[PDB]
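J.: Please read through the structure below; I'll follow up with questions.
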Amino acid sequence: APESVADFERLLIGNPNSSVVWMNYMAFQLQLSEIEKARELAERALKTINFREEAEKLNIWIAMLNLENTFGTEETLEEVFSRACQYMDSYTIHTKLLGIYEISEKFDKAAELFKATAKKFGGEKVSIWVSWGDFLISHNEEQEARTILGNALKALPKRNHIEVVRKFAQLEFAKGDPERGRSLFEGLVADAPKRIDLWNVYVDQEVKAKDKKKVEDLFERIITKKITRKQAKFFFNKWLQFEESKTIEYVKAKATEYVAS
Amino acid sequence: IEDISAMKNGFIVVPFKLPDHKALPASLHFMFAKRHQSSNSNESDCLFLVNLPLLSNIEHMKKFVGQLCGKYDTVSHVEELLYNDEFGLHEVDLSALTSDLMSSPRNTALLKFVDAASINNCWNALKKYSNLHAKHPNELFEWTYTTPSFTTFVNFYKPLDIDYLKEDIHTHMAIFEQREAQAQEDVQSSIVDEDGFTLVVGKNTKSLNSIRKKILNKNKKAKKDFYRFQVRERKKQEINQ
Amino acid sequence: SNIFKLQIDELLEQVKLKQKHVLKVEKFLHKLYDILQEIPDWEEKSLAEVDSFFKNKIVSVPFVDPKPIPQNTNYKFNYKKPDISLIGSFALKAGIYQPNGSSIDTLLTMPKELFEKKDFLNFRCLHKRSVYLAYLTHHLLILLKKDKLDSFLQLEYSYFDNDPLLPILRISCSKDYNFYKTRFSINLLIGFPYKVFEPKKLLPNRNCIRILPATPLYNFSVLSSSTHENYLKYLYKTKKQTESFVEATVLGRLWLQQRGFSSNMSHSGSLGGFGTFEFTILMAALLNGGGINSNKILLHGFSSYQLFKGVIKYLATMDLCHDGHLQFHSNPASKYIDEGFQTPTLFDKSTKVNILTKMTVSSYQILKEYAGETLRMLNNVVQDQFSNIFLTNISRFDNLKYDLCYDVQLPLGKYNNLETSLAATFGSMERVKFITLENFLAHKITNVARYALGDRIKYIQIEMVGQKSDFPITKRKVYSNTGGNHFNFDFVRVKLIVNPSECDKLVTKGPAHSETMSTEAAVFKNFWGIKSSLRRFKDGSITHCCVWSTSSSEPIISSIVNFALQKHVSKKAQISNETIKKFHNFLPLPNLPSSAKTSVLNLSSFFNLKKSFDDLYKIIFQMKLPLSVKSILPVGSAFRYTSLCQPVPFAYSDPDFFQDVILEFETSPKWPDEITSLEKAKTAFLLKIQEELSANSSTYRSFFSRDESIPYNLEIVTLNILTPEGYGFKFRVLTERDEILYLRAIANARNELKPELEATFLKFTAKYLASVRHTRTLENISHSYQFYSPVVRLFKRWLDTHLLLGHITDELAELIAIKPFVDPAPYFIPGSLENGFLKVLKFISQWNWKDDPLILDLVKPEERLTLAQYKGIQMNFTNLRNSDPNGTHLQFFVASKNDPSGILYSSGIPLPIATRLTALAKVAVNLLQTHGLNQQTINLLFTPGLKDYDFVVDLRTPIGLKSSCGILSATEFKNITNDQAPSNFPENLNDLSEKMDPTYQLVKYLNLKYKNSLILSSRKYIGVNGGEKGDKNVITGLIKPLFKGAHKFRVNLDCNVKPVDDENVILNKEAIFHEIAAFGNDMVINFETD
């Protein structure tokens, strides 16, 4: 077991590239609460780590900002945040910052950085917006995180405007409102029918929101379209083995009837 | 135990043969395999392979995948060994790092195909290859250790042929001065903006990238007298001291 | 002016707390002199019957030479109860806790009633002293045996300071009443009465013994037996005056025991004689003056540090031996009288004694040199070297404090067999001034070594080993078969430190030829016999001289001392010195005309390629470019006298056959912009220069070769030329643009890619820019430090046999070898190859890394590095390795004036290689202090130490390459290597791959391929280390501590993979070693795992 300082440096000499060992040496000073000495040891570590390993340099920067979020204060948090955004990727620094700021329970910086970073990297992605929407629904801002759709559609180009209503309908079916979520999903089914993923995952999210009468109407209302054999096997098995998991006789009839017409 | 032949994250264990060392009687060079993707023109339908043989170049990969093609009816469209870094001499590009243009994974040689069905046929063929090597070690699928490694690394004291590098750097200078004069003429010809804004430029500067990087790298007479609020502060001085 | 006294107080707390081992032993010696008090008288009884009285006893009487026959012993053989005094070391408080043992001083001066006015002749008063001792030890032994404390004591007859004239009674204790956990040898000594006779017999010009060759040694010895009590009266009165004496003299005795100067004797052939109470005596003599006008040298206004500095200044700037010496009288000024007595001298007129006549002329000479040397390294205000000046015992090794050693083995047989076993004198006039056989041979051998060498060495020291001042109770004498004789020495250490500028000068010069052959030419022809004669010179002088046939393996200093031994002191004794020849064939001997007869201090090969380079220089300046040459500058290892082949023409097989020359054109602002384009323009200039070279002077030939010693530039070639005088030069073009190109590449690189491009720029600076001032400075200084090229060449062959050159760079090895030269303190500069090499290995075994930088200034003796640049170097070292915790990737720190960064040559080497070097140095100094120097010792010092660390390959190319590298293989015939010598250039230049080796750069390629799994090494001086045929090479590899076992499989593991579990992988070690041999399929022959 690592106890002494020569033992720790022996671990780091015989093991250069394992973040297990690196955050063992960091968490020793974190547990001894000499965390400013851990700050100067961190300034050792970021410049003594090998520079090829992108995931491990992510580990050491995530661990440094973990120190500055767990015990530091905002005027140095923005400093190491600016240095992290300069040295490595600003966007993943933003995402780990948002997760760690809501872990350390500071809305007074978390909501503002949600706004600024969804402004920043939300014109080329969607996750920096939908993490904000899921966070606002989780902290009871349902209509505020439903009003984010106009912000997403004017932030992004045309290419994933299907995907923004896709993801906000995902979180609305997760813990928002089911019929208002179907009022979001109507733009999906009005825009694109020929994308066969949206229908299947929309009825699967209907299953996981579990309004069983509209489940028994939605599966029965897809099938009147041009359904090919793979799509038929998919929707067919996701209804029949779910009923395995008043209607079962009629869909047993439709297991044979819609082979004909 | 050899029947363990596939790892967690889709890695396909690929063993081969080794030649005869005069004192060695075994012979397990191990490779990995995947099928990864991206929409750009260098990662679609592509494969990693790790733990490369020394000087893995185009021609024995040609003959090896041709052996698999003629062996077990896989189709393959091989063209080039993408991002072959085995020694580690091409990570940071100095020329692109300080140039006007010609601008812009350790021992993982990447290789992409033309047909995704061909690369899937070689994927199924390679998984069966991995498990047949696992089953028997004597009726192998094979890349025999053919050596252009000698042809590029026992002859390296060669005088580089004089007429060849003559015409080579002749062509290099003949394109370099062309794009250089083009860049400088484009700089100090005339730059108006979308609106009316003529750009200030040097007398003998050469690149918009140059003036861009120098504008990136470039990122008193008050008086202690003379005013009546200053005679207010100095009378406060001359009564406090 | 601050912290050296903190170091002084550190020495005080190192030395002090003496009470626990002065109180109990002062109680024990109190009981002892109580026993001496109750020892009663023993009246006059005749000598011829106390012979029989002591005959059958265990106390056979010791004697001074010779035994007193009763034909004249008509002296008063009395015994009375003498005067006790408890003086000296344990009364003036100068006790270091040495594990060897501090001394003690208990005085028993003789009573007034057992001598006469003329007792002071023919040493029968010393025979009285010896029989006085014999009865005192008999009486004391029966008293201590009835007092039953013999279970841990043992008494022994010793000599007072190695003098047979004065024997003493030493007590050694061993395992309630016992004292054995520290210092030993509590001795008692009897002495003579205080004031007896008027000082004519006390003068050093007395001899009353029969037919006047005076006896200054003996009238000093009896006067020091008597009158060392006024001196401690003087010591006590200055002790009552002031207080700095005790710390000043513990410092003085400390430094003198580090230098090996204890106060026994150098007349008997041992380094010493000067000691701590002599140091006291000169400090208190310089108290009341010191000047010629008795100007006060020493005040107690300043403490021990400036007391010590003034003492060493006075001893270094005031001669005692040959011109001037100190005078003082205890009863009273002190001045500096003008002449010298050809011996260490200082006169004390109140005693008429010569206190510095315990050591000899060469010992005083080397001590005045040590005064000057420690004065030089003490007066400087630049750095602090208190551990360099005190805390390293330089007396531990012989060839480390000295430069080379001879061992004369003289089998004389017997004292009667002298007359046909040795050619020295045998006379009343030599036995009246010399105590015994070793004394007259010592003084004769130091005078004939002095006259034989003269202006050929710095200093000589003679020291007979096998000597001991130890002889038992039952025995009358040292009764010891000392290897072919029965005299108290085994064989003669002849230790030499040399002026290195005249070692291999093959003619020493006597006086010229007058017609009347005067006495100097006479004694020259007598001393040199049949060999020396008078010769003409190119000046036309007719002068007396002798030819010294210089050999390679033999320095002619050994031949001249061989003749000066076997002509005068003996005619069949022999000389042992085998170390020099033992490594001189470990030096590589080039194929040169009469190269065996050439010296090692000859540089004719380097001058030959310098002449070839200069004609190339003229023919490259006298032509026309489109852009002229600003300057070419060779930077080659041959141009700085370092390369392992002493460079013979046509010698392709050495990988550094191709020397490198930088050349730069003038500052044309027309250059291409990006780095590949500018280095391609440099290739274009090299294309033009070799095109005109083959156009005009086709007797030179040339080709191009890619270089990859700088990373990430793919298009950098060098121009190699073959000069018809027979040499090969690389040419690399430098511009004014590459430096700012690398700096702006650094500036605009991505921020996680900074330090690798910084490493690329550091390699560029080391290869192009600072390398020029590097080779300039040390090539300029090698002509002032003449043994530099042999010590670096032997160091580099040692380092390639122990397999480090594949990581370390040759300029770094060069800097580690210049470190003992440009700072040799406390030692000398090395006047020989062995002294240089073991000074190197002793230093680097001493040297640490964590708190230890290495600052050196490559300056001339007697532009330097001042305080500000010193502090800047130490400060960037300080912040460098507090950023770097323990040396994880930066091990050494070599900083000069030409590189205050220090990280230029130390970069790149792995921690196992650096720790292996330091461990090998500590193993070598361990072997040196344990086993001693020997032929098998040196062979074990050049053993491979292959260690079987995981990996051994045995490699032999299809040809042998030592006749082709030009190092001849000690053959009986030179045409055997001449017809295989490659004195022709190969026409198609592609064949140099098979006329040379691929092993070094293939190990380079494999190392950079397996940079994080195993580090590899290969013997890059192929049959220089690989035996005699010139074919044997190895490949070895140390595996990382990360890959001790199977590891969790990832994508960033980046190694040689073997899933032994679904989650765990390990090396296919046999497959990768097989692929190594598959790459070297024609190169490999044998392979051994583990």
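Letters A, B, ... mark the chains of the structure tokens in the order given; residue numbers begin at 1 per chain; ligand numbers begin at 1, in order shown.
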From a DSSP calculation on the backbone, collect every residue of region 67-166 of chain C in strand (DSSP E or B) and output the set as a list in words.
T.: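 Everything in region 67-166 of chain C that counts as strand (DSSP E or B) is residues 83, 84, 85, 86, 87, 105, 106, 107, 108, 109, 153, 154, 155, 156, 157, 158 and 159 of chain C.
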J.: Write out as number ranges by chain each polymer residue whose atoms come within 9 Å of residue 274 (chain C), counting only C-alpha atoms; drop sequence neighbours fewer than 4 positions from it.
T.: C: 256, 261-266, 278-279, 356, 358-359, 363-364, 367
J.: Okay, now the selection with N, CA and C atoms, as a PDB file, in the first residue's frame?
T.:
ATOM      1  N   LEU C 256      45.461  18.082   7.521  1.00  0.00           N
ATOM      2  CA  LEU C 256      46.721  17.386   7.320  1.00  0.00           C
ATOM      3  C   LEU C 256      46.547  15.875   7.306  1.00  0.00           C
ATOM      4  N   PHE C 261      49.504  13.932   5.999  1.00  0.00           N
ATOM      5  CA  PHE C 261      50.676  14.438   6.704  1.00  0.00           C
ATOM      6  C   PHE C 261      50.449  14.294   8.202  1.00  0.00           C
ATOM      7  N   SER C 262      50.806  13.130   8.724  1.00  0.00           N
ATOM      8  CA  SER C 262      50.931  12.938  10.154  1.00  0.00           C
ATOM      9  C   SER C 262      52.383  13.152  10.558  1.00  0.00           C
ATOM     10  N   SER C 263      52.603  13.329  11.853  1.00  0.00           N
ATOM     11  CA  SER C 263      53.935  13.687  12.332  1.00  0.00           C
ATOM     12  C   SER C 263      54.763  12.462  12.696  1.00  0.00           C
ATOM     13  N   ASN C 264      54.871  11.469  11.814  1.00  0.00           N
ATOM     14  CA  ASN C 264      55.825  10.425  12.159  1.00  0.00           C
ATOM     15  C   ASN C 264      57.232  10.768  11.681  1.00  0.00           C
ATOM     16  N   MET C 265      57.499  10.598  10.386  1.00  0.00           N
ATOM     17  CA  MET C 265      58.788  10.817   9.734  1.00  0.00           C
ATOM     18  C   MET C 265      58.657  10.643   8.234  1.00  0.00           C
ATOM     19  N   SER C 266      59.335  11.493   7.476  1.00  0.00           N
ATOM     20  CA  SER C 266      59.576  11.219   6.074  1.00  0.00           C
ATOM     21  C   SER C 266      61.032  10.912   5.791  1.00  0.00           C
ATOM     22  N   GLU C 278      53.495  20.838  15.304  1.00  0.00           N
ATOM     23  CA  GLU C 278      54.267  21.699  14.415  1.00  0.00           C
ATOM     24  C   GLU C 278      53.403  22.826  13.880  1.00  0.00           C
ATOM     25  N   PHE C 279      52.149  22.508  13.552  1.00  0.00           N
ATOM     26  CA  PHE C 279      51.187  23.518  13.128  1.00  0.00           C
ATOM     27  C   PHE C 279      50.933  24.545  14.230  1.00  0.00           C
ATOM     28  N   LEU C 356      61.326  21.334  11.984  1.00  0.00           N
ATOM     29  CA  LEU C 356      60.882  20.763  10.727  1.00  0.00           C
ATOM     30  C   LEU C 356      61.907  19.817  10.123  1.00  0.00           C
ATOM     31  N   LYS C 358      61.875  16.561  10.834  1.00  0.00           N
ATOM     32  CA  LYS C 358      61.313  15.223  10.917  1.00  0.00           C
ATOM     33  C   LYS C 358      60.885  14.681   9.566  1.00  0.00           C
ATOM     34  N   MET C 359      60.675  15.554   8.588  1.00  0.00           N
ATOM     35  CA  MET C 359      60.348  15.164   7.231  1.00  0.00           C
ATOM     36  C   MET C 359      61.433  15.663   6.281  1.00  0.00           C
ATOM     37  N   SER C 363      59.012  16.030   0.855  1.00  0.00           N
ATOM     38  CA  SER C 363      57.788  16.117   1.633  1.00  0.00           C
ATOM     39  C   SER C 363      57.447  17.564   1.954  1.00  0.00           C
ATOM     40  N   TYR C 364      58.453  18.371   2.315  1.00  0.00           N
ATOM     41  CA  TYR C 364      58.185  19.800   2.471  1.00  0.00           C
ATOM     42  C   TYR C 364      57.800  20.448   1.151  1.00  0.00           C
ATOM     43  N   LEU C 367      54.308  19.690   0.481  1.00  0.00           N
ATOM     44  CA  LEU C 367      53.406  20.342   1.422  1.00  0.00           C
ATOM     45  C   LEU C 367      53.290  21.831   1.126  1.00  0.00           C
TER      46      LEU C 367
END
J.: Write out, as a tab-separated table, each residue of chain A that has an atom at most 9 Å from chain C, together with the closest pair of atoms and their distance in Å to one decimal, counting only C-alpha atoms, rows going by chain and rising number.
T.:
residue	atom	partner	partner_atom	distance
A:9	CA	C:886	CA	8.2
A:12	CA	C:888	CA	8.8
A:13	CA	C:888	CA	6.5
A:14	CA	C:1041	CA	5.5
A:15	CA	C:1042	CA	5.8
A:16	CA	C:1042	CA	8.3
A:43	CA	C:883	CA	8.5
A:44	CA	C:883	CA	6.2
A:47	CA	C:883	CA	8.6
A:48	CA	C:884	CA	7.8
A:51	CA	C:752	CA	6.4
A:52	CA	C:752	CA	8.8
A:53	CA	C:1052	CA	7.1
A:86	CA	C:751	CA	7.7
A:87	CA	C:751	CA	5.7
A:88	CA	C:752	CA	7.4
J.: With only C-alpha atoms as the atoms that count, which of B:33, B:4, B:211, B:132 lies nearest to chain C?
T.: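 Of all the options, B:4 lies closest to chain C.
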J.: Please identify the helix (DSSP H, G or I) residues within region 14-260 of chain A (assignment by DSSP from backbone atoms) and present them as JSON, numbers by chain.
T.: {"A": [14, 19, 20, 21, 22, 23, 24, 25, 26, 27, 28, 29, 30, 31, 35, 36, 37, 38, 39, 40, 41, 42, 43, 44, 45, 46, 47, 48, 54, 55, 56, 57, 58, 59, 60, 61, 62, 63, 64, 65, 66, 67, 68, 69, 70, 74, 75, 76, 77, 78, 79, 80, 81, 82, 83, 84, 85, 86, 87, 90, 91, 92, 93, 94, 95, 96, 97, 98, 99, 100, 101, 102, 103, 107, 108, 109, 110, 111, 112, 113, 114, 115, 116, 117, 118, 119, 120, 127, 128, 129, 130, 131, 132, 133, 134, 135, 136, 137, 138, 148, 149, 150, 151, 152, 153, 154, 155, 158, 159, 160, 161, 162, 163, 164, 165, 166, 167, 168, 169, 170, 171, 172, 173, 174, 175, 178, 179, 180, 181, 182, 183, 184, 185, 186, 187, 188, 189, 190, 191, 196, 197, 198, 199, 200, 201, 202, 203, 204, 205, 206, 207, 208, 209, 212, 213, 214, 215, 216, 217, 218, 219, 220, 221, 222, 229, 230, 231, 232, 233, 234, 235, 236, 237, 238, 239, 240, 241, 242, 243, 244, 248, 249, 250, 251, 252, 253, 254, 255, 256, 257, 258, 259, 260]}
J.: For a quick test of understanding: name the residues of chain C lying within 8 Å of chain B when counting only C-alpha atoms, and present them as a ChimeraX atom specification.
T.: /C:673-677,680,684,687,703-706,711-713,741,744-745,748-749,753,989-990,992-993,998,1005,1008-1009,1052,1054-1058,1061-1063,1068,1070-1072,1074-1075,1077-1079,1081,1085-1087
J.: Which distance in Å separates CA of residue 477 (chain C) and CA of residue 360 (chain C), to one decimal?
T.: 24.9 Å
J.: Considering only C-alpha atoms, return as a PyMOL selection string whatever protein or nucleic-acid residues lie within 8 Å of residue 75 (chain B), sequence-local ones (same chain, fewer than 5 positions apart) excluded.
T.: chain B and resi 69+118-119+121-122
J.: Atoms to include: C-alpha atoms. Write the selected residues as a PDB file, in the first residue's frame.
T.:
ATOM      1  CA  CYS B  69      -8.985 -13.467 -51.399  1.00  0.00           C
ATOM      2  CA  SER B 118     -15.884  -6.346 -49.159  1.00  0.00           C
ATOM      3  CA  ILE B 119     -14.585  -5.131 -45.805  1.00  0.00           C
ATOM      4  CA  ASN B 121     -16.498 -10.163 -46.028  1.00  0.00           C
ATOM      5  CA  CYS B 122     -12.904  -9.771 -44.891  1.00  0.00           C
TER       6      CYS B 122
END
J.: Please list as a PyMOL selection string every residue within 8 Å of region 234-239 of chain A, counting only C-alpha atoms and excluding residues in the same chain fewer than 4 positions away.
T.: chain A and resi 200+219+230+243+255
J.: Got time to write the residues from that selection, C-alpha atoms, as a short mmCIF file (atom, residue, chain, number, x, y, z; two decimals), in the first residue's frame?
T.:
data_model
loop_
_atom_site.label_atom_id
_atom_site.label_comp_id
_atom_site.auth_asym_id
_atom_site.auth_seq_id
_atom_site.Cartn_x
_atom_site.Cartn_y
_atom_site.Cartn_z
CA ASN A 200 -39.57 2.75 -33.78
CA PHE A 219 -48.64 0.28 -32.84
CA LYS A 230 -37.15 -5.94 -41.80
CA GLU A 243 -47.42 -8.62 -25.12
CA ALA A 255 -49.43 -12.13 -37.62
#
J.: Extract, using only C-alpha atoms, all DNA, RNA and protein residues at most 7 Å from residue 448 (chain C), discarding same-chain residues fewer than 4 positions from it, and format them as a compact mmCIF listing (two decimals) with C-alpha atoms, in the first residue's frame.
T.:
# COMPACT_ATOMS: atom_id res chain seq x y z
CA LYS C 444 70.13 8.01 -2.14
CA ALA C 452 67.60 11.79 -12.99
CA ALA C 564 68.41 5.20 -12.52
J.: Near residue 17 (chain A), counting only C-alpha atoms, which residues have an atom at most 9 Å away, once you skip same-chain residues fewer than 4 positions from it, shown as a PyMOL selection string?
T.: chain A and resi 12+21-22+49-50+53+56
J.: Please, could you write that set of residues out with N, CA and C atoms as a compact mmCIF listing (two decimals), in the first residue's frame?
T.:
# COMPACT_ATOMS: atom_id res chain seq x y z
N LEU A 12 5.26 6.49 -9.30
CA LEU A 12 5.19 7.32 -10.50
C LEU A 12 6.39 7.11 -11.41
N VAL A 21 -2.74 5.50 -10.80
CA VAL A 21 -1.60 5.88 -9.97
C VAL A 21 -1.53 7.39 -9.80
N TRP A 22 -1.83 8.14 -10.87
CA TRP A 22 -1.77 9.60 -10.81
C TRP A 22 -2.79 10.17 -9.83
N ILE A 49 3.35 14.76 -17.17
CA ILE A 49 2.64 13.71 -17.90
C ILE A 49 3.14 13.67 -19.34
N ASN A 50 3.21 12.46 -19.91
CA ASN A 50 3.48 12.32 -21.33
C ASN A 50 2.32 12.88 -22.15
N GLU A 53 -0.94 10.74 -24.72
CA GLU A 53 -2.17 10.09 -24.28
C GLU A 53 -3.24 11.15 -24.05
N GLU A 56 -5.56 10.28 -21.08
CA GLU A 56 -4.93 10.45 -19.77
C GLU A 56 -4.66 11.92 -19.48
J.: Compare A:54, A:137, A:25, A:195 by their minimum atom-to-atom distance to chain B, counting only C-alpha atoms, and give me the closest one.
T.: A:54
J.: To one decimal place in Å, what is the distance between CA of residue 141 (chain C) and CA of residue 87 (chain C)?
T.: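 CA of residue 87 (chain C) lies 24.1 Å from CA of residue 141 (chain C).
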J.: What does the distance from CA of residue 942 (chain C) to CA of residue 799 (chain C) come to in Å, to one decimal?
T.: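 Taking CA of residue 942 (chain C) and CA of residue 799 (chain C), their separation equals 9.2 Å.
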J.: Please identify all polymer residues within 10 Å of region 624-641 of chain C, counting only C-alpha atoms, omitting same-chain residues fewer than 6 positions from it, and present them as a PyMOL selection string.
T.: chain C and resi 603+605-607+609-610+613+617+647+656-668+685+688-689+692+729-735+767-768+771-782+788-790+792-793+810-811+814
